[PDB]
Amino acid sequence: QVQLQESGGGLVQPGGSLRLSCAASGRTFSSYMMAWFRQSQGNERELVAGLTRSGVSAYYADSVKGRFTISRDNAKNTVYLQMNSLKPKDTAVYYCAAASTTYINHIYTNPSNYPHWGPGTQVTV
Amino acid sequence: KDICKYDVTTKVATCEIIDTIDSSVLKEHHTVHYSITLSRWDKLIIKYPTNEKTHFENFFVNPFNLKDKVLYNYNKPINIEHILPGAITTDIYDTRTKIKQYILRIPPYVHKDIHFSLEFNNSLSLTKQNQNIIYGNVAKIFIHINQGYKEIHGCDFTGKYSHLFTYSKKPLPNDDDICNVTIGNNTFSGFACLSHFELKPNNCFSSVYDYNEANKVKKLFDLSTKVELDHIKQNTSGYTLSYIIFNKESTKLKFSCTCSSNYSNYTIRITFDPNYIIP
Ligand SMILES: *[C@@H]1O[C@H](CO)[C@@H](O[C@@H]2O[C@H](CO)[C@@H](O[C@@H]3O[C@H](CO)[C@@H](O)[C@H](O)[C@@H]3O)[C@H](O)[C@H]2NC(C)=O)[C@H](O)[C@H]1NC(C)=O
(Lines give C-alpha, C1' and ligand atoms only; values in the text may rest on other atoms or scores of the structure.)
Protein backbone atom coordinates (compact mmCIF):
# COMPACT_ATOMS: atom_id res chain seq x y z
CA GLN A 1 0.00 0.00 0.00
CA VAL A 2 2.85 2.36 0.90
CA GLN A 3 5.54 3.10 -1.69
CA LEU A 4 8.83 4.76 -0.69
CA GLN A 5 11.14 6.98 -2.72
CA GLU A 6 14.58 8.28 -1.71
CA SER A 7 16.06 11.53 -2.98
CA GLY A 8 18.99 13.86 -2.35
CA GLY A 9 22.21 11.86 -2.32
CA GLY A 10 25.49 12.16 -4.20
CA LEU A 11 29.19 12.89 -3.85
CA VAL A 12 30.49 15.18 -1.10
CA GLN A 13 33.83 16.03 0.40
CA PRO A 14 34.62 14.59 3.85
CA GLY A 15 33.25 16.98 6.46
CA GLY A 16 30.17 18.15 4.55
CA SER A 17 26.43 17.73 5.01
CA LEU A 18 23.47 16.28 3.11
CA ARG A 19 19.70 15.97 3.59
CA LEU A 20 18.24 12.70 2.31
CA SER A 21 14.46 12.90 1.90
CA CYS A 22 12.13 9.91 1.61
CA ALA A 23 8.56 10.34 0.36
CA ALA A 24 5.72 7.84 0.75
CA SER A 25 2.54 7.32 -1.25
CA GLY A 26 -0.55 5.21 -0.69
CA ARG A 27 -0.94 5.72 3.06
CA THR A 28 0.13 8.23 5.69
CA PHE A 29 3.53 7.82 7.33
CA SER A 30 1.98 7.86 10.82
CA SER A 31 0.60 4.35 10.19
CA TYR A 32 4.09 2.98 9.45
CA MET A 33 7.43 2.66 11.21
CA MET A 34 10.36 4.11 9.26
CA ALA A 35 14.06 3.33 9.04
CA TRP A 36 17.11 4.29 7.01
CA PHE A 37 19.41 1.44 5.98
CA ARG A 38 23.04 1.39 4.87
CA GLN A 39 24.67 -0.92 2.34
CA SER A 40 28.29 -0.50 1.27
CA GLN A 41 29.77 -2.33 -1.71
CA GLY A 42 29.68 -6.07 -1.11
CA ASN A 43 28.37 -5.76 2.45
CA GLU A 44 25.16 -6.45 4.33
CA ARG A 45 22.38 -3.96 5.00
CA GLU A 46 22.81 -2.13 8.31
CA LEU A 47 20.45 0.22 10.12
CA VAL A 48 21.46 3.82 10.86
CA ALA A 49 18.28 5.70 11.87
CA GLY A 50 14.84 4.55 12.95
CA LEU A 51 11.52 6.08 13.87
CA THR A 52 8.47 4.65 15.63
CA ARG A 53 4.92 5.59 14.67
CA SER A 54 4.77 8.02 17.60
CA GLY A 55 7.10 10.28 15.62
CA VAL A 56 8.89 11.19 18.86
CA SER A 57 11.01 8.06 19.52
CA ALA A 58 14.01 8.21 17.18
CA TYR A 59 16.84 5.68 17.20
CA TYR A 60 20.32 6.46 15.89
CA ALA A 61 22.93 3.79 15.28
CA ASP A 62 26.15 4.31 17.21
CA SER A 63 28.01 4.89 13.94
CA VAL A 64 25.95 7.93 12.90
CA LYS A 65 25.11 8.89 16.50
CA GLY A 66 25.83 12.53 17.27
CA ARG A 67 25.78 13.49 13.56
CA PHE A 68 22.56 12.21 11.91
CA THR A 69 19.03 13.35 12.71
CA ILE A 70 15.69 11.98 11.50
CA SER A 71 12.50 14.01 11.09
CA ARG A 72 8.97 13.59 9.71
CA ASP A 73 7.07 16.30 7.83
CA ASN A 74 3.61 14.73 8.01
CA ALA A 75 2.17 17.56 5.90
CA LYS A 76 4.52 16.72 3.02
CA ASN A 77 4.45 13.02 4.04
CA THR A 78 8.25 12.85 4.03
CA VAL A 79 11.03 11.62 6.31
CA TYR A 80 14.21 13.72 6.32
CA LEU A 81 17.61 12.34 7.33
CA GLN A 82 20.05 15.17 8.06
CA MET A 83 23.61 13.84 7.75
CA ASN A 84 26.33 16.20 9.01
CA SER A 85 30.08 15.64 9.37
CA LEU A 86 30.12 12.99 6.66
CA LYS A 87 33.02 10.53 7.01
CA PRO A 88 34.56 8.05 4.53
CA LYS A 89 32.64 5.11 6.06
CA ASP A 90 29.26 6.68 5.12
CA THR A 91 29.86 5.77 1.45
CA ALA A 92 26.90 3.48 0.71
CA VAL A 93 23.53 3.15 -1.01
CA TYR A 94 21.13 4.57 1.57
CA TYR A 95 17.73 2.86 1.53
CA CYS A 96 14.40 3.86 3.07
CA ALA A 97 12.36 1.04 4.63
CA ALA A 98 8.86 1.15 6.12
CA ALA A 99 6.91 -1.48 8.06
CA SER A 100 3.31 -1.71 9.27
CA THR A 101 2.58 -2.30 12.96
CA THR A 102 -0.26 -1.62 15.40
CA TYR A 103 2.19 -0.43 18.08
CA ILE A 104 3.56 3.11 18.22
CA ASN A 105 6.67 2.64 20.37
CA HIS A 106 8.87 0.06 18.62
CA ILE A 107 11.16 -0.21 15.60
CA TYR A 108 12.53 -3.32 13.92
CA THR A 109 16.26 -4.04 13.69
CA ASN A 110 16.72 -6.54 10.87
CA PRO A 111 15.96 -5.44 7.28
CA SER A 112 13.95 -8.64 6.75
CA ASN A 113 11.30 -7.50 9.24
CA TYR A 114 10.57 -4.58 6.90
CA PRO A 115 8.00 -5.49 4.21
CA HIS A 116 8.11 -2.21 2.27
CA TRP A 117 11.34 -0.84 0.83
CA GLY A 118 12.42 1.99 -1.43
CA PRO A 119 14.97 2.35 -4.24
CA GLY A 120 18.07 3.56 -2.45
CA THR A 121 20.14 6.60 -3.36
CA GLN A 122 23.93 6.46 -3.48
CA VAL A 123 25.92 8.64 -1.07
CA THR A 124 29.67 8.79 -1.73
CA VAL A 125 32.10 10.90 0.28
CA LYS B 1 -9.54 4.27 37.97
CA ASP B 2 -6.65 2.04 36.85
CA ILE B 3 -3.62 3.87 38.30
CA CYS B 4 -5.17 6.75 40.31
CA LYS B 5 -7.16 5.83 43.42
CA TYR B 6 -8.78 8.25 45.88
CA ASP B 7 -9.27 6.86 49.38
CA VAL B 8 -11.96 8.78 51.27
CA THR B 9 -10.91 7.64 54.76
CA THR B 10 -7.42 9.15 54.41
CA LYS B 11 -8.56 11.60 51.69
CA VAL B 12 -5.48 10.53 49.73
CA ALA B 13 -5.13 10.38 45.95
CA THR B 14 -2.36 7.95 45.02
CA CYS B 15 -1.26 7.69 41.38
CA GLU B 16 1.38 5.23 40.16
CA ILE B 17 2.98 6.09 36.82
CA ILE B 18 5.77 3.55 36.43
CA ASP B 19 4.55 0.42 34.65
CA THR B 20 2.34 2.63 32.46
CA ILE B 21 5.45 4.33 31.02
CA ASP B 22 7.69 1.25 31.13
CA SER B 23 9.69 0.93 27.91
CA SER B 24 9.86 -2.89 27.96
CA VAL B 25 6.37 -3.62 26.58
CA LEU B 26 4.85 -2.93 23.18
CA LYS B 27 2.32 -0.12 23.61
CA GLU B 28 -0.64 0.87 21.44
CA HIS B 29 -1.10 4.42 22.79
CA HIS B 30 1.67 6.99 23.21
CA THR B 31 -0.35 9.34 25.46
CA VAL B 32 -2.16 7.76 28.41
CA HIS B 33 -4.53 10.15 30.18
CA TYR B 34 -5.95 9.92 33.70
CA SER B 35 -8.17 12.61 35.24
CA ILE B 36 -8.69 13.35 38.94
CA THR B 37 -11.00 15.82 40.69
CA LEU B 38 -9.91 17.10 44.10
CA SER B 39 -11.42 19.28 46.82
CA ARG B 40 -10.08 21.17 49.83
CA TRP B 41 -7.35 19.55 51.95
CA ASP B 42 -7.08 16.60 49.56
CA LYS B 43 -3.61 15.12 49.06
CA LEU B 44 -2.22 13.94 45.71
CA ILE B 45 0.81 11.64 45.77
CA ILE B 46 2.28 10.69 42.39
CA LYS B 47 5.01 8.02 42.43
CA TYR B 48 7.24 8.37 39.36
CA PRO B 49 10.62 6.87 38.37
CA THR B 50 14.11 8.34 37.92
CA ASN B 51 16.95 8.12 35.41
CA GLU B 52 18.59 5.42 37.56
CA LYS B 53 15.58 3.08 37.49
CA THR B 54 16.02 0.61 34.63
CA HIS B 55 13.85 1.07 31.51
CA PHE B 56 13.48 4.76 32.48
CA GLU B 57 16.99 5.97 31.64
CA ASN B 58 15.96 9.02 29.59
CA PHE B 59 12.92 9.80 31.76
CA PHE B 60 12.05 13.42 32.45
CA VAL B 61 9.13 15.48 33.68
CA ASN B 62 7.16 18.44 32.36
CA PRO B 63 7.34 21.05 33.86
CA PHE B 64 10.91 20.03 34.73
CA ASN B 65 10.44 21.79 38.11
CA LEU B 66 7.56 19.88 39.69
CA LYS B 67 7.67 21.48 43.14
CA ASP B 68 7.22 25.01 41.78
CA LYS B 69 5.41 24.81 38.43
CA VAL B 70 2.55 22.93 36.78
CA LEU B 71 0.98 22.97 33.31
CA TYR B 72 -1.87 25.45 33.67
CA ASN B 73 -4.89 24.81 31.44
CA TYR B 74 -2.81 21.88 30.12
CA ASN B 75 -0.87 24.46 28.10
CA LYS B 76 1.76 26.82 29.54
CA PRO B 77 3.92 26.24 32.63
CA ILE B 78 2.97 28.42 35.60
CA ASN B 79 4.01 28.51 39.26
CA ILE B 80 1.49 26.41 41.19
CA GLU B 81 1.33 29.08 43.91
CA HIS B 82 -0.09 31.48 41.30
CA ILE B 83 -3.19 29.43 40.48
CA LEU B 84 -3.50 27.62 43.85
CA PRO B 85 -2.38 30.14 46.50
CA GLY B 86 -1.45 28.48 49.78
CA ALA B 87 -0.74 25.02 48.36
CA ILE B 88 2.16 22.88 49.57
CA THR B 89 4.34 20.66 47.37
CA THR B 90 7.08 18.27 48.50
CA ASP B 91 9.47 15.94 46.67
CA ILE B 92 10.66 12.62 48.10
CA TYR B 93 13.10 10.09 46.63
CA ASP B 94 13.81 6.57 47.91
CA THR B 95 17.27 5.55 46.72
CA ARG B 96 16.47 1.92 47.56
CA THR B 97 13.79 1.78 44.83
CA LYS B 98 14.91 4.61 42.49
CA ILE B 99 11.44 6.15 42.78
CA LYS B 100 10.40 9.73 43.57
CA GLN B 101 7.12 11.06 44.98
CA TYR B 102 5.41 14.36 44.19
CA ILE B 103 3.16 15.26 47.13
CA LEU B 104 0.62 18.07 46.77
CA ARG B 105 -1.48 19.36 49.67
CA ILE B 106 -4.42 21.47 48.49
CA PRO B 107 -5.01 24.44 50.85
CA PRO B 108 -7.98 24.22 53.24
CA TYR B 109 -9.67 26.80 50.99
CA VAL B 110 -9.72 27.12 47.21
CA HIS B 111 -11.15 30.46 46.12
CA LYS B 112 -11.45 29.55 42.42
CA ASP B 113 -11.80 26.36 40.38
CA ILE B 114 -8.49 25.27 38.89
CA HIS B 115 -7.52 22.84 36.10
CA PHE B 116 -3.90 21.86 35.47
CA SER B 117 -1.85 18.90 34.26
CA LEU B 118 1.43 17.13 34.88
CA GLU B 119 3.32 15.23 32.17
CA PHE B 120 5.62 12.23 32.64
CA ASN B 121 7.67 11.67 29.47
CA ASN B 122 9.46 8.33 29.04
CA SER B 123 9.45 8.31 25.24
CA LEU B 124 13.21 8.84 25.08
CA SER B 125 13.84 5.64 27.06
CA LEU B 126 14.20 2.39 25.14
CA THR B 127 14.84 -1.34 25.42
CA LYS B 128 16.02 -3.92 22.87
CA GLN B 129 14.18 -7.26 22.75
CA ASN B 130 14.22 -9.87 19.96
CA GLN B 131 14.48 -7.85 16.69
CA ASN B 132 12.64 -4.87 18.22
CA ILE B 133 13.69 -1.62 19.87
CA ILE B 134 10.74 -0.81 22.11
CA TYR B 135 10.32 2.70 23.52
CA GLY B 136 8.41 4.28 26.39
CA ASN B 137 5.45 6.64 26.26
CA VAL B 138 4.20 9.75 28.07
CA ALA B 139 1.44 9.86 30.69
CA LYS B 140 -0.57 12.99 31.50
CA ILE B 141 -2.45 13.64 34.75
CA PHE B 142 -5.26 16.21 34.58
CA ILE B 143 -6.16 17.53 38.05
CA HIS B 144 -9.25 19.64 38.76
CA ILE B 145 -9.86 21.43 42.09
CA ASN B 146 -13.29 22.65 43.26
CA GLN B 147 -14.17 25.74 45.27
CA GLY B 148 -13.04 25.51 48.88
CA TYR B 149 -16.30 25.99 50.86
CA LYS B 150 -15.05 28.12 53.78
CA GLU B 151 -12.32 30.67 54.53
CA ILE B 152 -9.85 29.28 57.06
CA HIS B 153 -10.37 30.69 60.57
CA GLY B 154 -6.74 31.73 60.76
CA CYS B 155 -4.42 34.73 60.59
CA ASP B 156 -2.68 36.38 57.63
CA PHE B 157 -0.03 39.08 58.02
CA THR B 158 1.33 39.02 54.47
CA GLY B 159 -1.90 40.67 53.29
CA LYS B 160 -1.84 38.55 50.12
CA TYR B 161 -3.82 35.52 51.34
CA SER B 162 -6.91 37.55 52.27
CA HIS B 163 -9.30 35.19 50.49
CA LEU B 164 -7.79 32.20 52.30
CA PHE B 165 -7.81 33.35 55.94
CA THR B 166 -10.42 35.12 58.05
CA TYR B 167 -8.00 37.82 59.25
CA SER B 168 -5.72 39.70 56.85
CA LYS B 169 -3.72 42.90 57.23
CA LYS B 170 -1.19 44.55 54.95
CA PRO B 171 2.27 44.40 56.59
CA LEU B 172 3.29 47.62 58.32
CA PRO B 173 6.79 49.01 59.00
CA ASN B 174 6.46 48.89 62.81
CA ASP B 175 3.61 46.85 64.27
CA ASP B 176 2.93 44.47 67.16
CA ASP B 177 -0.45 43.11 66.05
CA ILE B 178 -1.75 39.92 67.67
CA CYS B 179 -4.47 37.82 66.04
CA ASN B 180 -6.91 35.92 68.27
CA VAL B 181 -9.24 33.24 66.88
CA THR B 182 -11.70 30.85 68.55
CA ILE B 183 -11.82 27.47 66.80
CA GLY B 184 -13.91 24.38 67.46
CA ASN B 185 -13.61 20.69 66.68
CA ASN B 186 -13.10 19.71 63.03
CA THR B 187 -12.47 23.37 62.17
CA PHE B 188 -9.56 24.75 60.17
CA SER B 189 -7.12 27.39 61.34
CA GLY B 190 -3.70 28.59 60.33
CA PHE B 191 -1.25 31.40 59.79
CA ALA B 192 0.67 33.19 57.02
CA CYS B 193 3.87 35.22 57.50
CA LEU B 194 6.76 36.36 55.36
CA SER B 195 9.43 33.71 54.82
CA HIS B 196 12.37 35.78 56.10
CA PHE B 197 10.53 36.26 59.41
CA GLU B 198 11.53 34.12 62.39
CA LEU B 199 8.99 31.43 63.31
CA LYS B 200 8.57 30.83 67.01
CA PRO B 201 8.77 27.99 67.79
CA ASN B 202 10.27 26.75 64.51
CA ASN B 203 7.89 24.85 62.21
CA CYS B 204 4.83 26.01 64.08
CA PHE B 205 1.69 23.98 64.79
CA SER B 206 4.07 21.00 65.00
CA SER B 207 5.87 22.64 67.95
CA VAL B 208 3.50 25.27 69.33
CA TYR B 209 4.09 27.33 72.46
CA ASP B 210 2.40 25.55 75.38
CA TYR B 211 0.64 28.61 76.82
CA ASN B 212 -0.91 26.44 79.53
CA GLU B 213 2.59 25.35 80.59
CA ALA B 214 3.73 29.01 80.46
CA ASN B 215 4.56 29.15 76.73
CA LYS B 216 6.78 26.06 76.65
CA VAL B 217 8.66 24.77 73.61
CA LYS B 218 7.23 21.27 73.19
CA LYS B 219 6.09 19.06 70.34
CA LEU B 220 2.35 19.37 69.81
CA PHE B 221 2.23 15.56 69.77
CA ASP B 222 2.68 15.65 73.55
CA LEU B 223 -0.23 18.08 73.92
CA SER B 224 -2.53 16.16 71.56
CA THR B 225 -2.44 13.62 68.75
CA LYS B 226 -5.98 13.82 67.29
CA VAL B 227 -4.82 16.73 65.11
CA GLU B 228 -3.82 17.21 61.47
CA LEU B 229 -1.46 19.93 60.29
CA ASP B 230 0.84 21.04 57.50
CA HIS B 231 3.38 23.78 56.88
CA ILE B 232 5.53 25.27 54.13
CA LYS B 233 8.68 27.21 54.99
CA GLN B 234 8.85 29.29 51.81
CA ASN B 235 6.64 29.24 48.73
CA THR B 236 7.50 30.72 45.33
CA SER B 237 5.97 33.98 46.57
CA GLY B 238 8.26 33.95 49.63
CA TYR B 239 5.80 33.34 52.47
CA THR B 240 5.69 30.75 55.26
CA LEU B 241 2.29 29.20 55.88
CA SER B 242 0.76 26.59 58.16
CA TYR B 243 -2.61 24.92 58.74
CA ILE B 244 -4.19 22.86 61.52
CA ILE B 245 -7.46 21.07 62.31
CA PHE B 246 -8.58 18.98 65.30
CA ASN B 247 -10.32 15.63 64.75
CA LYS B 248 -12.32 14.11 67.62
CA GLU B 249 -10.10 15.73 70.27
CA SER B 250 -11.97 16.19 73.54
CA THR B 251 -9.43 18.32 75.45
CA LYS B 252 -9.60 22.12 75.48
CA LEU B 253 -6.34 23.50 74.09
CA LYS B 254 -4.68 26.93 73.98
CA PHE B 255 -1.36 27.49 72.20
CA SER B 256 0.42 30.21 70.27
CA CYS B 257 2.98 31.07 67.59
CA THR B 258 5.02 34.12 66.60
CA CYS B 259 6.58 35.58 63.45
CA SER B 260 9.13 38.23 64.38
CA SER B 261 11.51 40.55 62.54
CA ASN B 262 13.77 43.46 63.45
CA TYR B 263 11.03 45.94 62.45
CA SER B 264 7.76 44.29 63.52
CA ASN B 265 6.32 41.20 65.18
CA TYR B 266 3.05 39.30 64.77
CA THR B 267 1.47 36.69 67.04
CA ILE B 268 -1.21 34.04 66.48
CA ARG B 269 -3.43 32.93 69.37
CA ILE B 270 -5.88 30.05 68.95
CA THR B 271 -8.30 28.57 71.49
CA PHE B 272 -9.46 25.02 70.75
CA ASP B 273 -12.70 24.31 72.64
CA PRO B 274 -14.57 21.18 71.45
CA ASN B 275 -17.83 22.63 72.77
CA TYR B 276 -17.19 26.03 71.16
CA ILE B 277 -19.58 26.91 68.34
CA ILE B 278 -19.24 29.68 65.76
CA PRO B 279 -21.82 32.50 66.33
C1 LIG C 1 7.76 14.58 25.34
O2 LIG C 1 6.46 14.28 24.88
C3 LIG C 1 6.11 15.08 23.76
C4 LIG C 1 4.62 14.92 23.54
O5 LIG C 1 4.25 13.60 23.83
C6 LIG C 1 6.97 14.70 22.54
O7 LIG C 1 6.84 15.59 21.42
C8 LIG C 1 7.87 16.63 21.37
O9 LIG C 1 7.42 17.80 22.01
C10 LIG C 1 8.38 18.83 22.10
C11 LIG C 1 7.89 19.91 23.04
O12 LIG C 1 8.96 20.77 23.31
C13 LIG C 1 8.79 19.33 20.70
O14 LIG C 1 9.88 20.22 20.74
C15 LIG C 1 9.65 21.33 19.84
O16 LIG C 1 9.78 20.91 18.50
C17 LIG C 1 9.84 21.84 17.43
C18 LIG C 1 10.28 21.10 16.16
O19 LIG C 1 9.37 20.04 15.97
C20 LIG C 1 10.63 23.11 17.71
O21 LIG C 1 10.06 24.20 17.00
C22 LIG C 1 10.64 23.56 19.19
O23 LIG C 1 11.73 24.38 19.52
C24 LIG C 1 10.67 22.40 20.21
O25 LIG C 1 11.94 21.79 20.29
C26 LIG C 1 9.29 18.12 19.93
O27 LIG C 1 9.60 18.38 18.59
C28 LIG C 1 8.24 17.01 19.92
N29 LIG C 1 8.76 15.97 19.06
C30 LIG C 1 9.91 15.28 19.18
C31 LIG C 1 10.20 14.27 18.10
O32 LIG C 1 10.70 15.44 20.11
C33 LIG C 1 8.45 14.63 22.92
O34 LIG C 1 9.19 13.87 22.00
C35 LIG C 1 8.77 14.08 24.30
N36 LIG C 1 10.10 14.56 24.54
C37 LIG C 1 11.22 13.88 24.27
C38 LIG C 1 12.51 14.61 24.56
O39 LIG C 1 11.22 12.74 23.81
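Whenever a residue of the range B:54-65 is in the same structural domain as B:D91 (by TED's automatic domain parsing), its partners that are within 12 Å of the ligand (Cβ to nearest atom) and part of a loop (DSSP other than H, G, I, E, B), lying with C-beta atoms within less than 6 angstrom and at least six residues away or across chains, give the pairs B:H55/B:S23; B:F56/B:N122; B:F56/B:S125; B:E57/B:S125; B:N58/B:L124; B:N58/B:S125; B:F59/B:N122; B:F59/B:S125.
Taken over the range A:58-78, the criterion of being closer than 14 Å to A:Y32 by Cβ and either within 12 Å of the ligand (Cβ to nearest atom) or among the basic types (K, R) (or both) is satisfied by A:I70, A:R72, A:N74. On the stretch given as the range B:240-274, residues that are in contact (Cβ under 8 Å) with a residue 60 or more places away in the chain and farther than 20 Å from B:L199 by Cα total 7.
Residues of the range B:43-57 being surrounded by fewer than 15 Cβ atoms within 10 Å (Cβ to Cβ) and either within 20 Å of A:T52 (Cβ to Cβ) or more than 16 Å from the ligand (Cβ to nearest atom) (or both), which ones? Once the filter is applied, which keeps residues that are surrounded by fewer than 15 Cβ atoms within 10 Å (Cβ to Cβ) and either within 20 Å of A:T52 (Cβ to Cβ) or more than 16 Å from the ligand (Cβ to nearest atom) (or both), the range B:43-57 yields B:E52, B:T54.
Meeting the requirement of 2 or more residues that are within 14 Å of chain B (Cβ to nearest Cβ), the strands (runs of 3 or more DSSP E) wholly within the range A:77-125 are A:92-100, A:106-108. Taking the range B:5-42, which residues are assigned to a strand (DSSP E or B) and within 16 Å of the ligand (Cβ to nearest atom)? Of everything in the range B:5-42, those that are assigned to a strand (DSSP E or B) and within 16 Å of the ligand (Cβ to nearest atom) turn out to be B:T31, B:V32, B:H33, B:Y34. When we screen B:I99, B:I92 for residues that are among the hydrophobic types (A, V, I, L, M, F, W, C) and touching a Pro at 6+ places or on another chain (Cβ under 9 Å), the only hit is B:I99. When B:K226, B:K233 are checked against the criterion of being within 22 Å of B:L84 (Cα to Cα) and free of Cβ contacts under 8 Å to residues at least 60 places away in the same chain, a single residue qualifies: B:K233. Summed over the range A:62-84, the residues that are touching a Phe, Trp or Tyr at 6+ places or on another chain (Cβ under 8 Å), closer than 18 Å to A:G120 by Cα and in contact (Cβ under 8 Å) with a residue 60 or more places away in the chain give a count of 3. When the range A:18-36 is filtered for residues that are away from chain B (no Cβ under 12 Å), in a strand (DSSP E or B) and small (G, A, S), the ones remaining, listed by number, are A:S21, A:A23, A:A24, A:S25. Filtered by the rule that a residue be within 16 Å of the ligand (Cβ to nearest atom) and surrounded by fewer than 22 Cβ atoms within 10 Å (Cβ to Cβ), the range A:17-36 gives A:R19, A:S30. Among the residues of this structure, B:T90 does not count as one that is away from the ligand (no atom under 12 Å from the Cβ) and either among the small types (G, A, S) or farther than 21 Å from B:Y6 by Cα (or both).
Whenever a residue of the range B:13-31 is away from chain A (no Cβ under 14 Å), its partners that are among the aliphatic types (A, V, I, L, M) and part of a loop (DSSP other than H, G, I, E, B), lying with C-beta atoms within less than 8 angstrom and at least six residues away or across chains, give the pairs B:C15/B:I3; B:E16/B:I3; B:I17/B:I3. Residues of the range B:121-155 that are out of contact with any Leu (no Cβ under 7 Å at 6 or more places or on another chain), under 20 Å from B:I83 (Cβ atoms) and crowded, with 20+ Cβ neighbours inside 10 Å: B:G148 alone. If you check B:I92 against the conditions, is it surrounded by fewer than 20 Cβ atoms within 10 Å (Cβ to Cβ), without any contact (Cβ under 8 Å) to a residue 24 or more places away in the chain and touching a strand residue (DSSP E or B) at 6+ places or on another chain (Cβ under 9 Å)? In short, yes. Suppose we keep only residues that are more than 14 Å from chain B (Cβ to nearest Cβ) and under 25 Å from B:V138 (Cα atoms) within the range A:37-71. Which one would you say is surrounded by the most Cβ atoms within 10 Å (Cβ to Cβ)? This residue is A:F68.
Basis: the model, the stated rules and, where named, an outside source; nothing here is a laboratory result. Note: ideal-geometry Cβ built from the backbone for every residue, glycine included; neighbour counts use all protein chains shown.
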